[PDB]
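Here are the chains, one letter per residue:
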Amino acid sequence: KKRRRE
Amino acid sequence: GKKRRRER
Amino acid sequence: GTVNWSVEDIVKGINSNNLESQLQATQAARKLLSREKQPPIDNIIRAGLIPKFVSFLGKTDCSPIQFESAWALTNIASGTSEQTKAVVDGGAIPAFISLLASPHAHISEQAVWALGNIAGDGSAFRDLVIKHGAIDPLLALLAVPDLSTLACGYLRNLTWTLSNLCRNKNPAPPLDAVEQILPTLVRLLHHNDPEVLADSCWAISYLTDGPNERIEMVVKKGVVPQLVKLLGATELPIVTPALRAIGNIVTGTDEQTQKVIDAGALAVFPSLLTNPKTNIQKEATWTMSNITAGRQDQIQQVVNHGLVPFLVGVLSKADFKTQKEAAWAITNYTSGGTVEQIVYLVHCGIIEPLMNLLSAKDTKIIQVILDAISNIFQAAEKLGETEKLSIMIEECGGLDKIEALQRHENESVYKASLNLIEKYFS
């Protein structure tokens, strides 16, 4: 679910 | 800024 | 008398083997390299001067020429990667590290600055500065009982150079260098100068931009409460990196995210999600989307802090990039939330602004919204109230947009819309 997508 | 120029 | 010399005259003075002539010509080069417009960096490189400047860094008996050459080389290193490389190729890295111990504060400061430009070029020069041993002497300059006794400009330059040792990826900085710097960074993050605070936050934001283990090295030092405090600063140059660091941290484990919540961060989000700076709203909404990807008890704290109406607000009206983060925040919420939490979303007014964003010519936000609708319907099934939801979607023009998407080109999009129509609208 987490997105390292700034 | 990654780099800095010293002007004075 | 050193104003606007030609490069030719600089070369003639530097090649004279009269130290005082060399000093005057090196100052003339420094002034050229310091001018407002188009400093002639390539012409100075092409004249062959970098080796001479580097040898002048070593002239302990002529501190003025150490200073002038350090400033000249700093400004060359401030340029493109190729210009920084020319300085590194001349042997400048060990020569500057040796000047960190100078008894002249203005020379040590200039060496700090030059190494910041070198390390700031990229991961390889950063790691090469570290291998030549820069961290110990840099950290020794800050080993004072109270940072307030240092000159403000000097402390700002040190903080900035340390932030460049923390910057860049592929690879990230060596783990042992990060462990070595972090306690000094924690102390700088509590200093009262706004520029020191901003660059300390930037450094923390770089160190948390990475896998969970890098996040944990930072979070374990106990900085999250100070970051949350800075999240409420009035200075936008502090809020911006503080929020980037907080957002990086909540990309980590649910326990790391809980430390952000425990420190009070959610109480700042009413203002961040309405902030006049578009970039702050966007980063705040992205951060919210990684919090709504958490546990049901973390979703519940988002609810308790009154943040679902603020997400409805950003979905209704914001820059499109922010609206897209808001759509993600809603899909994450509906994917992880309880039935009661999802119901609450609808009572807050999520459906109409969600439907309105189906007019967007962005394929992934359409996929995101369709996923949310399906999740909301599934919660409605368990309550036996899908028809109430269908009518809601129909009254605000959403059914039209969903039907039209059956003829949308992306197969993932038309399959999702087909299922919705087949399942709940007939």
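Residues numbered from 1 in each chain as written, not as in the entry; some residues may be left out. Chains lettered and ligands numbered in written order. Heavy atoms only, no water. Residues with missing side-chain atoms left out of burial classes, pairs and counts.

Method of determination for the deposited model, per the PDB record: X-ray crystallography, at 1.900 Å resolution.

Focus on the side chain of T161 of chain C
Residues and elements named next belong to chain C. Put simply, the test is: Starting at the N terminus, helices and strands are each numbered in turn, a helix being any DSSP run of H or I of at least four residues and a strand any DSSP run of E of at least two. Here's how the labels work: a residue is buried when its accessible area is under 20% of the maximum for its type, exposed when over 50%, partly exposed in between, all with a 1.4 Å probe on protein chains only. Counted as a polar contact is a pair of N or O atoms within 3.5 Å, where, for protein atoms, one must be capable of donating a hydrogen and the other of accepting one, and residues adjacent in sequence contribute only when both atoms are in side chains. Only heavy atoms enter the contact rule, under which two residues are in contact if any of them lie within 4.5 Å.
Relative to the assigned elements, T161 resides in helix α11 (residues 152-166). What makes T161 buried here is its relative accessible area of 1%. A polar side-chain atom of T161 sits 2.8 Å from the main-chain carbonyl oxygen of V112. If we ignore the near neighbours within four places in the chain, the residues touching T161 are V112, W113, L115, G116 and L138.

Details of the arrangement of the chains
Contacts are most numerous between chains B and C, taken over all two pairs of chains that touch. For the non-touching pair chain A and chain B, the nearest C-alpha separation works out to 18 Å.

A look at the pattern of salt bridges
Under the convention used in this document: Definition used for salt bridges: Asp or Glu carboxyl oxygen within 4 Å of a side-chain nitrogen of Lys or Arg.
One pass over the full model with this rule turns up 14 salt bridges over all chains. In this structure, the salt-bridge partner of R3 of chain A is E325 of chain C, at a minimum N-O distance of 2.5 Å. Of the two residues examined, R3 of chain A and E325 of chain C, each falls in the buried class. The salt bridge partner of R5 of chain B is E7 of chain B, with a shortest N-O separation of 3.9 Å. Among the charged side chains, a network of salt bridges with common partners joins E6 of chain A together with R244 and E283 of chain C.

Digging into the nonpolar core
Residues and elements named next belong to chain C. Formally: Only buried residues count toward a nonpolar core, which is a set of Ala, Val, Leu, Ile, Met, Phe, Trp, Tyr and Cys residues joined through side-chain atoms within 4.5 Å.
Membership of the largest hydrophobic core comes to 152 residues, with the highest contact counts inside it found for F53, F96, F269 and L354. Per element, the largest residue contribution to this core is 11 residues, and it comes from helix α25 (residues 363-383). Excluding its chain neighbours within four sequence positions, the residues that come into contact with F96 are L57, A70, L73, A111, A114, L115 and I118.

Remarks on helix α7 (residues 92-99) of chain C
Residues and elements named next belong to chain C. When you tally the buried positions in α7, you get six out of eight residues, the bulk of the element. Of the residues making up α7, those classed as buried are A92, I93, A95, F96, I97 and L99. Tucked into the core, α7 has its buried residues touching α4 (50-57), α5 (63-77), α6 (81-89), α8 (105-120), α9 (123-131) and α10 (135-141).

Details of the environment of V223 of chain C
Residue and element names in this part refer to chain C. By the element assignment, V223 lies in the loop between α14 (212-219) and α15 (224-231). According to the relative accessible area criterion, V223 is buried, its value standing at 1%. Separated by 42 residues in sequence, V223 and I181 have C-alpha atoms that sit 14 Å apart.

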